[PDB]
Structures are given as C-alpha cells and as structure tokens.
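Structure file my_file33.cif (mmCIF, C-alpha atoms; chains and numbers go by the auth columns) follows.
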```cif
data_data
#
loop_
_atom_site.group_PDB
_atom_site.id
_atom_site.type_symbol
_atom_site.label_atom_id
_atom_site.label_comp_id
_atom_site.label_asym_id
_atom_site.label_seq_id
_atom_site.Cartn_x
_atom_site.Cartn_y
_atom_site.Cartn_z
_atom_site.B_iso_or_equiv
_atom_site.auth_seq_id
_atom_site.auth_asym_id
ATOM 1 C CA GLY A 1 43.637 76.991 61.159 0.00 1 W
ATOM 2 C CA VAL A 2 45.638 80.208 60.815 0.00 2 W
ATOM 3 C CA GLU A 3 47.972 80.390 57.810 0.00 3 W
ATOM 4 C CA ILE A 4 50.678 83.019 58.312 0.00 4 W
ATOM 5 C CA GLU A 5 52.678 84.497 55.420 0.00 5 W
ATOM 6 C CA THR A 6 54.875 87.122 57.078 0.00 6 W
ATOM 7 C CA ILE A 7 56.491 89.786 54.950 0.00 7 W
ATOM 8 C CA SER A 8 59.965 89.801 56.536 0.00 8 W
ATOM 9 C CA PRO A 9 60.711 93.165 58.294 0.00 9 W
ATOM 10 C CA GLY A 10 59.986 93.423 62.004 0.00 10 W
ATOM 11 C CA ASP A 11 61.818 92.336 65.146 0.00 11 W
ATOM 12 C CA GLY A 12 60.673 88.753 65.671 0.00 12 W
ATOM 13 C CA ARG A 13 60.481 88.880 69.475 0.00 13 W
ATOM 14 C CA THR A 14 57.891 91.392 70.773 0.00 14 W
ATOM 15 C CA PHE A 15 55.039 88.981 71.011 0.00 15 W
ATOM 16 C CA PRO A 16 51.566 89.862 72.290 0.00 16 W
ATOM 17 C CA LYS A 17 50.983 88.435 75.751 0.00 17 W
ATOM 18 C CA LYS A 18 47.877 88.190 77.915 0.00 18 W
ATOM 19 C CA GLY A 19 46.203 91.507 78.647 0.00 19 W
ATOM 20 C CA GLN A 20 48.544 93.458 76.353 0.00 20 W
ATOM 21 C CA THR A 21 46.669 96.163 74.457 0.00 21 W
ATOM 22 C CA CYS A 22 48.122 95.755 70.976 0.00 22 W
ATOM 23 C CA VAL A 23 47.773 97.836 67.825 0.00 23 W
ATOM 24 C CA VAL A 24 47.085 96.399 64.353 0.00 24 W
ATOM 25 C CA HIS A 25 46.706 98.262 61.052 0.00 25 W
ATOM 26 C CA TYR A 26 44.369 95.632 59.706 0.00 26 W
ATOM 27 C CA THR A 27 42.849 95.461 56.230 0.00 27 W
ATOM 28 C CA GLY A 28 40.152 92.873 55.606 0.00 28 W
ATOM 29 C CA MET A 29 39.493 90.969 52.390 0.00 29 W
ATOM 30 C CA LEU A 30 37.290 88.155 51.113 0.00 30 W
ATOM 31 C CA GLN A 31 38.723 85.232 49.155 0.00 31 W
ATOM 32 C CA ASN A 32 37.705 86.052 45.557 0.00 32 W
ATOM 33 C CA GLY A 33 35.986 89.109 47.015 0.00 33 W
ATOM 34 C CA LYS A 34 36.686 92.674 48.048 0.00 34 W
ATOM 35 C CA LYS A 35 37.433 94.425 51.344 0.00 35 W
ATOM 36 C CA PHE A 36 34.896 94.518 54.161 0.00 36 W
ATOM 37 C CA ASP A 37 36.634 96.195 57.125 0.00 37 W
ATOM 38 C CA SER A 38 39.717 98.388 57.317 0.00 38 W
ATOM 39 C CA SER A 39 41.442 100.210 60.140 0.00 39 W
ATOM 40 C CA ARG A 40 43.553 101.834 57.415 0.00 40 W
ATOM 41 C CA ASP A 41 40.446 103.466 55.953 0.00 41 W
ATOM 42 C CA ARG A 42 39.263 104.641 59.366 0.00 42 W
ATOM 43 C CA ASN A 43 42.854 105.642 60.330 0.00 43 W
ATOM 44 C CA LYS A 44 41.995 104.288 63.797 0.00 44 W
ATOM 45 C CA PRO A 45 44.442 101.406 64.154 0.00 45 W
ATOM 46 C CA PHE A 46 42.290 99.172 66.394 0.00 46 W
ATOM 47 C CA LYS A 47 43.861 99.157 69.848 0.00 47 W
ATOM 48 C CA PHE A 48 42.793 95.759 71.211 0.00 48 W
ATOM 49 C CA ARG A 49 43.969 93.528 74.048 0.00 49 W
ATOM 50 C CA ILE A 50 44.760 89.810 74.069 0.00 50 W
ATOM 51 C CA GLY A 51 42.872 87.359 76.264 0.00 51 W
ATOM 52 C CA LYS A 52 39.240 88.540 76.198 0.00 52 W
ATOM 53 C CA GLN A 53 38.028 86.985 72.885 0.00 53 W
ATOM 54 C CA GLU A 54 37.124 90.437 71.590 0.00 54 W
ATOM 55 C CA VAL A 55 38.397 89.586 68.108 0.00 55 W
ATOM 56 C CA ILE A 56 37.535 86.412 66.182 0.00 56 W
ATOM 57 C CA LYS A 57 39.666 83.281 66.531 0.00 57 W
ATOM 58 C CA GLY A 58 41.090 83.717 63.037 0.00 58 W
ATOM 59 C CA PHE A 59 42.338 87.182 63.983 0.00 59 W
ATOM 60 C CA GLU A 60 43.299 86.369 67.589 0.00 60 W
ATOM 61 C CA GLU A 61 45.601 83.428 66.854 0.00 61 W
ATOM 62 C CA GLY A 62 47.308 85.323 64.041 0.00 62 W
ATOM 63 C CA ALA A 63 48.198 88.194 66.370 0.00 63 W
ATOM 64 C CA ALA A 64 50.143 86.184 68.968 0.00 64 W
ATOM 65 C CA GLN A 65 52.084 84.389 66.206 0.00 65 W
ATOM 66 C CA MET A 66 53.421 87.748 64.973 0.00 66 W
ATOM 67 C CA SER A 67 55.826 90.273 66.467 0.00 67 W
ATOM 68 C CA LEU A 68 56.446 94.019 66.351 0.00 68 W
ATOM 69 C CA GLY A 69 56.941 95.440 62.879 0.00 69 W
ATOM 70 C CA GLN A 70 56.011 92.167 61.158 0.00 70 W
ATOM 71 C CA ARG A 71 53.517 92.136 58.291 0.00 71 W
ATOM 72 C CA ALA A 72 51.748 88.788 58.076 0.00 72 W
ATOM 73 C CA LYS A 73 48.735 87.798 55.982 0.00 73 W
ATOM 74 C CA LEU A 74 45.851 85.903 57.549 0.00 74 W
ATOM 75 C CA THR A 75 43.892 83.139 55.833 0.00 75 W
ATOM 76 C CA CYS A 76 41.017 82.660 58.258 0.00 76 W
ATOM 77 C CA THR A 77 38.919 79.509 58.155 0.00 77 W
ATOM 78 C CA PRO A 78 35.110 79.880 58.041 0.00 78 W
ATOM 79 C CA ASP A 79 34.367 77.788 61.145 0.00 79 W
ATOM 80 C CA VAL A 80 36.242 80.104 63.536 0.00 80 W
ATOM 81 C CA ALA A 81 34.365 83.329 62.715 0.00 81 W
ATOM 82 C CA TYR A 82 31.206 83.160 60.570 0.00 82 W
ATOM 83 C CA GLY A 83 31.063 79.868 58.638 0.00 83 W
ATOM 84 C CA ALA A 84 27.533 78.847 59.557 0.00 84 W
ATOM 85 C CA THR A 85 26.259 82.133 60.975 0.00 85 W
ATOM 86 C CA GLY A 86 27.467 84.827 58.604 0.00 86 W
ATOM 87 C CA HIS A 87 27.207 88.499 59.347 0.00 87 W
ATOM 88 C CA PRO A 88 24.126 90.291 57.969 0.00 88 W
ATOM 89 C CA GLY A 89 25.362 92.432 55.079 0.00 89 W
ATOM 90 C CA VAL A 90 29.134 92.091 55.622 0.00 90 W
ATOM 91 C CA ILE A 91 30.245 88.464 55.930 0.00 91 W
ATOM 92 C CA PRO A 92 28.349 85.625 54.225 0.00 92 W
ATOM 93 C CA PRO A 93 28.268 82.147 55.774 0.00 93 W
ATOM 94 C CA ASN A 94 31.129 79.770 54.864 0.00 94 W
ATOM 95 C CA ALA A 95 33.611 82.527 54.031 0.00 95 W
ATOM 96 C CA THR A 96 37.376 82.033 54.067 0.00 96 W
ATOM 97 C CA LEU A 97 38.582 85.409 55.307 0.00 97 W
ATOM 98 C CA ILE A 98 41.732 87.272 54.242 0.00 98 W
ATOM 99 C CA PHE A 99 43.472 89.943 56.327 0.00 99 W
ATOM 100 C CA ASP A 100 46.422 92.285 55.835 0.00 100 W
ATOM 101 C CA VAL A 101 47.776 92.360 59.386 0.00 101 W
ATOM 102 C CA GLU A 102 50.746 94.451 60.502 0.00 102 W
ATOM 103 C CA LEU A 103 51.548 94.281 64.217 0.00 103 W
ATOM 104 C CA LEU A 104 52.823 97.746 65.176 0.00 104 W
ATOM 105 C CA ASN A 105 51.663 97.399 68.733 0.00 105 W
ATOM 106 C CA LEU A 106 51.846 98.813 72.251 0.00 106 W
ATOM 107 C CA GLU A 107 52.444 97.291 75.717 0.00 107 W
#
```
Encoding of this model in structure tokens:
Amino acid sequence: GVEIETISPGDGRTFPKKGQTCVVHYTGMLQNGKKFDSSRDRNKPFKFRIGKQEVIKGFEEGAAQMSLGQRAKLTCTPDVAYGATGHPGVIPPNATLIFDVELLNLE
C-alpha cells in the first residue's frame, strides 16, 4: 500500500518510466518519530532509475504515481521495506514510514 497525498503544483504528465534516471528531493520521517534520511540535508538529490528495485517498494511505487513538479507524501507500509527485518540503528521493525517526496526529475 502506497498512500499518496500530492500537494497540487506540478505538471501531471511527466511520469517515470522504465530505466529513467529520476531525481527526488526526498525527506524521510517516522510515524510518531523524527527524520532518518534526507537528500535535502545532503543536498544530493538522489538520482535513481526506475526498474532495478534499488529503492524500497514503498518509495518505488510512489515515484511512478507522481509527475514532474508534484509534491506527494508517502505513507509506506512496514511489510514492503523493513517490517520484520528492521535496519540496525535507523529503521526499527514494523515501522510505518513517512516521506516528503517531490519529483523534480530527469530523463
């Protein structure tokens, strides 16, 4: 499950396709928790491609459902990224992840 709450401005048509290296100013967040990962803090806006399962399924499905300029807001389920596993020190198991995703992409 990927719950999208798009803040309106964008274009609504430049969708990420397969093998398109796309750029996201992401900003991570835990439900009832703080940030854990931010491309805005690094100022390195995470040039990633679609179709290789580089990113988690909660972040991959939210990218193709957005367009250029759009500012959505992910609500990632635990079972798609780290629900039983959990990352050591960053993501606990059974965490419902929150992301500030703005698709200002390339290709």
I'd like a table as a tab-separated table: residues in stretch 25-88 of chain W with an atom no more than 6 Å from stretch 2-17 of chain W, each row giving the shortest atom pair and its distance in Å to one decimal, all atoms listed in the file counted, sorted by chain and rising residue number.
```
residue	atom	partner	partner_atom	distance
W:64	CA	W:16	CA	5.2
W:67	CA	W:15	CA	4.8
W:68	CA	W:14	CA	5.3
W:69	CA	W:10	CA	3.8
W:70	CA	W:10	CA	4.3
W:71	CA	W:7	CA	5.1
W:72	CA	W:6	CA	3.7
W:73	CA	W:5	CA	5.2
W:74	CA	W:4	CA	5.7
W:75	CA	W:3	CA	5.3
W:76	CA	W:2	CA	5.8
```
Q.
Can you tell me which residues surround residue W:37 at a distance of at most 10 Å, considering only C-alpha atoms, apart from same-chain residues fewer than 4 positions away, and format the answer as a count of residues only?
A. 8
Q: Name the residues captured by the PyMOL selection byres ((chain W and resi 80-82) around 10) when it is applied to the shown file; answer as a list in words.
A: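 Selection result, ordered by chain and number: residues 1, 2, 55, 56, 57, 58, 59, 76, 77, 78, 79, 83, 84, 85, 86, 87, 91, 92, 93, 94, 95, 96 and 97 of chain W.
The shortest atom-to-atom distance to residue W:31, with only C-alpha atoms taken into account, belongs to W:98 out of W:61, W:98, W:104, W:19.
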(Q) I'd like the interatomic distance between atom CA of residue W:21 and atom CA of residue W:89, to a tenth of an Å. (A)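 About the pair atom CA of residue W:21 and atom CA of residue W:89: they are 29.0 Å apart.
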Q: Using atom CA of residue W:101 and atom CA of residue W:36 as the two end points, give the distance in Å to one decimal.
A: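 Separating atom CA of residue W:101 from atom CA of residue W:36 is a distance of 14.1 Å.
Computed from the coordinates, the atom CA of residue W:44 to atom CA of residue W:100 distance equals 15.1 Å.
Using only C-alpha atoms, the nearest neighbour of residue W:45 within the list W:30, W:106, W:63, W:24 is W:24.
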Quick one: which residues end up in the PyMOL selection byres ((chain W and resi 48) around 9) for this structure, as a CSV table (one decimal) with C-alpha atoms, in the frame of the given file?
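So expr00.csv came out as:
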```csv
chain,number,residue,atom,x,y,z
W,20,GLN,CA,48.5,93.5,76.4
W,21,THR,CA,46.7,96.2,74.5
W,22,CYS,CA,48.1,95.8,71.0
W,23,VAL,CA,47.8,97.8,67.8
W,24,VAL,CA,47.1,96.4,64.4
W,46,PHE,CA,42.3,99.2,66.4
W,47,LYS,CA,43.9,99.2,69.8
W,49,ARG,CA,44.0,93.5,74.0
W,50,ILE,CA,44.8,89.8,74.1
W,54,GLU,CA,37.1,90.4,71.6
W,55,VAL,CA,38.4,89.6,68.1
```
Output file: stretch 74-85 of chain W, N, CA, C and O atoms, as a tab-separated table (two decimals), in the first residue's frame:
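Produced file part_14.tsv, reproduced below:
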```
chain	number	residue	atom	x	y	z
W	74	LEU	N	4.49	10.22	1.01
W	74	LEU	CA	4.36	8.78	1.13
W	74	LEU	C	3.91	8.38	2.53
W	74	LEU	O	4.21	9.04	3.53
W	75	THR	N	3.18	7.27	2.58
W	75	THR	CA	2.83	6.60	3.83
W	75	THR	C	3.13	5.12	3.58
W	75	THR	O	2.27	4.36	3.13
W	76	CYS	N	4.37	4.73	3.86
W	76	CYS	CA	4.87	3.42	3.46
W	76	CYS	C	4.52	2.38	4.51
W	76	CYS	O	4.72	2.59	5.70
W	77	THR	N	3.98	1.25	4.04
W	77	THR	CA	3.64	0.16	4.94
W	77	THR	C	4.91	-0.51	5.46
W	77	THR	O	5.98	-0.39	4.85
W	78	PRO	N	4.84	-1.18	6.62
W	78	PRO	CA	6.05	-1.85	7.12
W	78	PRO	C	6.49	-3.03	6.28
W	78	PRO	O	7.70	-3.21	6.07
W	79	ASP	N	5.55	-3.83	5.76
W	79	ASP	CA	5.87	-5.09	5.11
W	79	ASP	C	6.61	-4.94	3.79
W	79	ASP	O	7.17	-5.93	3.30
W	80	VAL	N	6.64	-3.75	3.20
W	80	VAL	CA	7.32	-3.56	1.93
W	80	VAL	C	8.79	-3.19	2.10
W	80	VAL	O	9.58	-3.43	1.17
W	81	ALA	N	9.18	-2.62	3.24
W	81	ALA	CA	10.58	-2.23	3.42
W	81	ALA	C	11.26	-2.96	4.57
W	81	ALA	O	12.21	-3.71	4.34
W	82	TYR	N	10.81	-2.76	5.82
W	82	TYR	CA	11.56	-3.26	6.97
W	82	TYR	C	10.67	-3.72	8.12
W	82	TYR	O	11.04	-3.53	9.28
W	83	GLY	N	9.49	-4.29	7.83
W	83	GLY	CA	8.53	-4.59	8.88
W	83	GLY	C	8.98	-5.69	9.83
W	83	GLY	O	8.82	-5.58	11.04
W	84	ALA	N	9.56	-6.76	9.29
W	84	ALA	CA	10.06	-7.81	10.16
W	84	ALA	C	11.56	-7.69	10.36
W	84	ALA	O	12.08	-8.05	11.43
W	85	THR	N	12.28	-7.20	9.35
W	85	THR	CA	13.73	-7.11	9.46
W	85	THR	C	14.15	-5.93	10.32
W	85	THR	O	14.73	-6.10	11.39
```
